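Chain by chain, the residues run as shown.
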Amino acid sequence: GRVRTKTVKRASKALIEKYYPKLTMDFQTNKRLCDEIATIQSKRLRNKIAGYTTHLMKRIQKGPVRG
Amino acid sequence: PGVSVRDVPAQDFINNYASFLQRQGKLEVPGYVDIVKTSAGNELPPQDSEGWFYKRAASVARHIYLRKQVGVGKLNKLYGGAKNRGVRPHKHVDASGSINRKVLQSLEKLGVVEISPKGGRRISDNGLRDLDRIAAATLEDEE
Amino acid sequence: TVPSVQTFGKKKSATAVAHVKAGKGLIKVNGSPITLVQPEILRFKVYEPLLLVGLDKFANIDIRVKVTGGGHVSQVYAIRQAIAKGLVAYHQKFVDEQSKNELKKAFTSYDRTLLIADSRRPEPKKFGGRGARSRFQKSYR
Amino acid sequence: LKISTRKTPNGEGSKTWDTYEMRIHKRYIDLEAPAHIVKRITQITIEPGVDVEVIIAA
Amino acid sequence: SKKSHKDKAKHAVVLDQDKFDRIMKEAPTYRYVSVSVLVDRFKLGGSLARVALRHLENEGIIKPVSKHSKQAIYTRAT
Amino acid sequence: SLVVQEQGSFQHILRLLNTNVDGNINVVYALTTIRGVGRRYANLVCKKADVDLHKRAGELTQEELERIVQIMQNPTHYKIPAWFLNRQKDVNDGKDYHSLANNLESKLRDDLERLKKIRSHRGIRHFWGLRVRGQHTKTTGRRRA
Amino acid sequence: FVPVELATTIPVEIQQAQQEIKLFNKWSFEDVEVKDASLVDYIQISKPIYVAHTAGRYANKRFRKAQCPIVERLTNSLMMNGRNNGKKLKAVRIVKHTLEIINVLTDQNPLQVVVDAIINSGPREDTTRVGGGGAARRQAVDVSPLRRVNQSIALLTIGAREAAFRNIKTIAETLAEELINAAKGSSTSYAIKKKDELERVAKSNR
Amino acid sequence: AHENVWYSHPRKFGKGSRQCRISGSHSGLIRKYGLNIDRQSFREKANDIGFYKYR
Amino acid sequence: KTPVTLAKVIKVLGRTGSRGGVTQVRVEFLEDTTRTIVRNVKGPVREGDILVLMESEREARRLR
RNA sequence: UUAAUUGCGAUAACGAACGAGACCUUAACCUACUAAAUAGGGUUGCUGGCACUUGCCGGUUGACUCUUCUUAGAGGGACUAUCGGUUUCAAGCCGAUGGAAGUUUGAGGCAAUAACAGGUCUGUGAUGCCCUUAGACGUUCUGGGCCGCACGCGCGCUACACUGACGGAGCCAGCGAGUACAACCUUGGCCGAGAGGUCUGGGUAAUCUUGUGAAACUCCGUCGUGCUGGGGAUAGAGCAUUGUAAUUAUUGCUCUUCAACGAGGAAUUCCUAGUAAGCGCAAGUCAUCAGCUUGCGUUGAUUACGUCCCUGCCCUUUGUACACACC
Ligand SMILES: [Mg+2]
Ligand SMILES: [Mg+2]
Ligand SMILES: [Mg+2]
Ligand SMILES: [Mg+2]
Ligand SMILES: [Mg+2]
Ligand SMILES: [Mg+2]
Ligand SMILES: [Mg+2]
Ligand SMILES: [Mg+2]
Ligand SMILES: [Mg+2]
Ligand SMILES: [Mg+2]
Ligand SMILES: [Mg+2]
Ligand SMILES: [Mg+2]
Ligand SMILES: [Mg+2]
Ligand SMILES: [Mg+2]
Ligand SMILES: [Mg+2]
Ligand SMILES: [Mg+2]
Ligand SMILES: [Mg+2]
Ligand SMILES: [Mg+2]
Ligand SMILES: [Mg+2]
Ligand SMILES: [Mg+2]
């Protein structure tokens, strides 16, 4: 039952919309990017945010997506 | 080559050392044997009515050899299991103290156990030599 | 100095620390040779790495294991893991890569726990239940 | 440092308990050090909450 | 309590000579031997089942397969 | 290891201290079937009489029976301790005895009727047939049978 | 066979040819095959084991119970009552004694006897409660091969238990008797009797 | 109230030998580590004492 | 006679029954693999099992 | 679709808030860092024994050195990561692989709006009102009771035995706790058969009890289907401990009588993995007393991995003569 509630999805959406040139396909690089360019309080939320950011990046690479 | 008691299976070592101590006339048994439960937890005396004290002495001597040094009350904790407390849950009941004290003094007389400075009793050089000797006896007895 | 390493293997609350050295094929647990592991019916469990690998693989290797904590069979599984991991770590450190991977293939194809510590451990108890997940009886009337 | 306590002040209600606890950390330190500087160190840098104790052991 | 079992003594508490020839004659031809197998034939009480079973390890009348306590596993000598 | 056991001598029934006892049980557990004698006391008595522990009661000889009987009527003569005895300190005459088959039940009955006559709360509780040792009776002993 | 010299002297029979794993160093897992084709892949003879005792996580996913060694599943089903529930070393000893006993009687390598008894004693058609309260009906249905294995183990151990209860024979001996009788179709076996009687009920309630 | 008889009963031990230190009550006392506070007042003042709900 | 036949499931059609404990599958015979039935099973199944049937003309009916 | 008003979305709805999630504690994994005579290890001393080959098993608060395990700080680590299926191809689901870990990673702690005439004046020097306030419903002292017993019911404990009881022998934990203005945890040495007694010595605690050498368990024997060596209730006598005080047996110990009990009807309870269950230990009650509870660990499974059939819960639609709401 992993659904990635509001916060992670909205944060990843804003991350992509403001930092697409810097984001990559790899989870670890985007994790370091999330650490540096955004102040996520905890680290589990940081990891969820980076994971969904990578997923959205992969979807974008496949093609153009809504939202 | 060389052999220690750690190199021989336990139960065989206690059995053979008890047999050897029973064969020789040393290690006097207290006159109160045959009458004692050996523990409050137990409800009958040992099935082997005569000679069980020799087995207890053998086990005690092996235990002192293996460990650092052991007193009497610690042996009380070691022996003795669960008492059938009638219709109440079983607990742990320490074994009889007089029996283990007599074992320790008898082993002192045979010279196999020495009083340790840190309290309790440790093994002595002569008794430890006897212990490894009987361990070898058992080991080459096996094959 | 003598080529020597130290590894460990754990069970629920058991812990076996094994020192491996370049010896003469000498395997002792708690100062006693491996053939006298107490439960005597899980004895084959502790020979398992020996027979899976083959004794000739470590004939000039000596083994010293101190196992503490946990009950009997937990200790036995701890010694199993300690011996296996010690063999693998020694082969990695001083022997060769291929030998180590061959040992890992022989091991992990049989009782994966032999190199990987078990993750299952007891569940904390809770009030209103005499067990960790059980519950008291209900009256209802 | 743990205490279990029944929540209900009057025994009525489903059996519910709770566990309160602190943790005490000790972190002792010993020095093979000269006299006056050590005592000055002990008499300075004190934070409420943490309790400092000094044993000469000489 | 309810003695509906209606069991008899049904066990030779003491061995008798003819029963000794019986134990010896089918000491072989009992291709598997154990304490329960011995008492199954009504000829042993059960405590002397162990006695007779242990005595048969005298001239190799039967061979042991495993001598664990709480039971025994014996086969005919071949 | 085994013996034919001399067909024609192994007893099957015995009368020790005017109670019938089947002899085929092990000696100690056969002796246990007499009132006032339990497994511990019978075991010690058989030990003192030097008769084999693992022997059957129906095969031991006659003077063995008499020596056993003599041992278990004046125990203090045969180094049976002051303790381990059935009735010690004997509050009629202060001499630690050991009650036996008929003597045990009889003397228990005299002690019971003494407690009845003494008008002790324990005695009147015994006379009524209720619990004596001070346990709750709201929920226990709720039928006589 | 090439006894390896070491400072610790492992017994020769434990060193002989040990690329030949046996169950209790007595029975070969090779030569043992499943006669029935339906119950293959639900009886684990493929993987050799030196003991019928493994701390395997055989209850995490749905179907890993099949991958557990079949002798191990028999052991785990022996340790079934309140008085003896956690005791498994006792179950391992009982199974070892039963295997030796079965080796004695009709040698027929006892693992094959175990497998054949499990094959025979598992029902192939069963009933389910379908009646809508007012009318009580049992509707005949088919059983999964995994449930066939589970049920066969269940009745085998249950019959051994009820035979051993307040009886002279040891649990190992009664289990060996049940396994031997279920190796054939001998109706004297309790497990095979329950199998036949349940199947004929299911036939009576098509 | 003869001093020989008034409050003469010993109170070295038992239920009533010690009180609540909060309420003076003798029921539901916590003697662990010498807290000597009854359970309810302990639940009230645990956070001030240093005790917290943690798991 | 002993007309015991085998049938390998090719698909599982959900779980049926008032109890919720029985399932329904589509089995295809080991012989004549173009001949299939729908059959009720009582226990855990998945794509690959081989059921044993004492019938061949029976077809599964949803249990209510 | 999700465990989720969890999301993908469609849209007279747009933006938001609480709840859920997030969050903390705990359990993992750390041969990566910092370190350690209140934790361990190696080498070497000084020794003991056996082997005789240089080796094995030991002892020492003698030295040097190290942190793998034991600790605890800062950190790392998993985010369903990669891949394959399936999905208005979106949310997501399923499988395999790599992993320590892939059920929200397991277990919890807090936990919304509204409400109950739910419980507590008997926890409070929280308390309104009413009552009493001198031979008192205040306070204290003595003794009794809260434990009675023709009877019903609710948590449990011990059992009905062979997978066992009883003897010996093996010998394995993790949570704790522990004395000062008082007298706690007790080692060790002597006594006693035991409970216990006495003499000394540690420990205000990773130092001492303590490696809590616990039970179940394991090995070898006795028993042998007999209400029997199962079961240990009910009693008789005696020996001790705490206590100002033990009778209405406080509790422990020794000998004996050994009862009901043959796996328990209708009915009904708890529980899907280190789970149930078996087994005990610690702590809270404690001057003495648990068959209790809260925690902890040992051995450790069968069967699911689904459904709305019984009992209920959530959302939607519908009907209602119900709103103290189908009691
Ligand atoms: Mg013992
Ligand atoms: Mg019992
Ligand atoms: Mg439990
Ligand atoms: Mg480390
Ligand atoms: Mg995909
Ligand atoms: Mg959670
Ligand atoms: Mg009300
Ligand atoms: Mg008032
Ligand atoms: Mg009351
Ligand atoms: Mg309750
Ligand atoms: Mg035992
Ligand atoms: Mg410990
Ligand atoms: Mg113990
Ligand atoms: Mg009896
Ligand atoms: Mg008994
Ligand atoms: Mg039990
Ligand atoms: Mg209570
Ligand atoms: Mg479910
Ligand atoms: Mg109205
Ligand atoms: Mg109506």
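Going by the header, the method for this PDB entry is cryo-EM, and the resolution given is 3.35 Å.

Caption draft 1: View of the overall build of chain I. In terms of helices and strands, chain I carries zero helices and four strands. Moving toward the C terminus, one meets the helices and strands of chain I in the order β-β-β-β. Against the compact-globule benchmark of 11 Å for 64 residues, chain I has a radius of gyration of 12 Å, which places it among compact chains. Principal-axis analysis of the C-alpha atoms places the extent of chain I at approximately 35 × 25 × 15 Å.

Caption draft 2: Quick look at the overall build of chain F. Scanning chain F for helices and strands turns up five helices and two strands. Seen in sequence order, chain F has helices and strands lined up from the N terminus as β-β-α-α-α-α-α. For 145 residues, the compact-globule formula gives about 15 Å, and the C-alpha radius of gyration of chain F, at 19 Å, lies well above that figure. By principal-axis analysis of the C-alpha atoms, chain F measures approximately 60 × 40 × 25 Å. Counted over contacts in chain F with a minimum sequence separation of 6, partners at least 24 positions apart contribute 44%.

Caption draft 3: Layout of the layout of surface pockets. All names here are of chain D. For the second largest pocket, the calculated volume is near 1,200 Å³. Lining the second largest pocket are 26 residues, with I29, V52, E53, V54 and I55 sitting closest to its centre. Taken together, the residues of the lining of the second largest pocket sort by class into 16 nonpolar, four polar and six charged.

Caption draft 4: Region of interest: the interface of chain H and chain D. On the chain D side, the residues contacting the 14 residues of chain H number 15 residues. Taken together, the two surfaces of chain H and chain D that pack against each other cover about 1,400 Å², and 61% of this comes from carbon and sulfur. Summed over the shared surface of chain H and chain D, the number is two salt bridges. One can count nine residue pairs in polar contact joining chain H with chain D. Those elements that provide at least two residues to the side of chain H that touches chain D are helix 1 (39-49) and strand 3 (52-53) of chain H. Here the side of chain H that touches chain D is composed, by residue class, of seven nonpolar, two polar and five charged. As defined by bridge partners, strand 2 (residues 17-21) of chain D adjoins strand 3 of chain H across two bridges and the pair is classed as antiparallel.

Caption draft 5: Seen up close, the protein's contact with RNA strand J. Looking at RNA strand J, there are 254 residues lining it, with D132(B), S13(C), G70(C), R50(E) and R19(I) nearest. Near the protein, meaning within 4 Å, the atoms of RNA strand J are sugar or phosphate in a fraction of 73%, with bases accounting for the rest. In this structure, a phosphate oxygen belonging to RNA strand J sits 2.5 Å away from a main-chain N or O atom of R31(H). Of the residues that constitute the surface near RNA strand J, the class distribution is 65 nonpolar, 90 polar and 99 charged.

Caption draft 6: Structural view of the sheet that holds strand 2 of chain D. In space, the three strands of this open sheet follow the order 1(D)-2(D)-3(H), with antiparallel pairing throughout. Two strands in the sheet have a free side with no partner beyond their single neighbour: strand 1 (2-6) of chain D together with strand 3 of chain H.

Quick notes on the rules
Counting of residues begins from 1 for each chain and follows its sequence as written, which need not mirror the entry numbering; any residue without coordinates is not displayed. Chains carry letters from A onward and ligands carry numbers from 1 onward, assigned in written order. Part of a larger assembly is shown; the reported values describe that part exclusively. The side-chain values count all of the structure's non-hydrogen atoms but skip hydrogen atoms and water molecules. Residues with missing side-chain atoms are left out of burial classes, side-chain pairs and their counts. Helical segments are the DSSP runs of H or I of at least four residues, strand segments are the runs of E of at least two, and each set is numbered from the N terminus. The globule rule is 2.2 Å times the number of residues to the power 0.38, and the radius of gyration it is compared with is taken over C-alpha atoms. Pairs of residues are marked as contacts when any of their non-hydrogen atoms sit within 4.5 Å. Only protein atoms enter the 1 Å grid, on which a cavity is a set of points fitting a 1.4 Å probe that cannot get out and a pocket is an open set with protein on both sides within 12 Å along at least 5 of 7 lines, lining residues being those with an atom within 4 Å of a point. Grid points are joined across faces, edges and corners, and a volume is the space filled by probe spheres set on the points. Each residue is assigned to one class: nonpolar for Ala, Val, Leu, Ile, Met, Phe, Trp, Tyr, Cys and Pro, charged for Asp, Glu, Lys and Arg, and polar for all the others, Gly among them. As used here, buried area is the combined drop in accessible area, with a 1.4 Å probe, of two parts when they are placed together. In the sections that follow, a salt bridge refers to a side-chain nitrogen of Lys or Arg positioned within 4 Å of a carboxyl oxygen of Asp or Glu. Polar contact criterion, stated in full: a pair of N or O atoms within 3.5 Å, where within protein one must be able to donate a hydrogen and the other to accept it, and residues adjacent in sequence count only if both atoms are side-chain atoms. Strand pairing is assigned whenever DSSP identifies at least 2 bridges connecting the two strands. Neighbouring residues are identified by heavy atoms, a residue being near a molecule or strand if any of them is within 4 Å of it.

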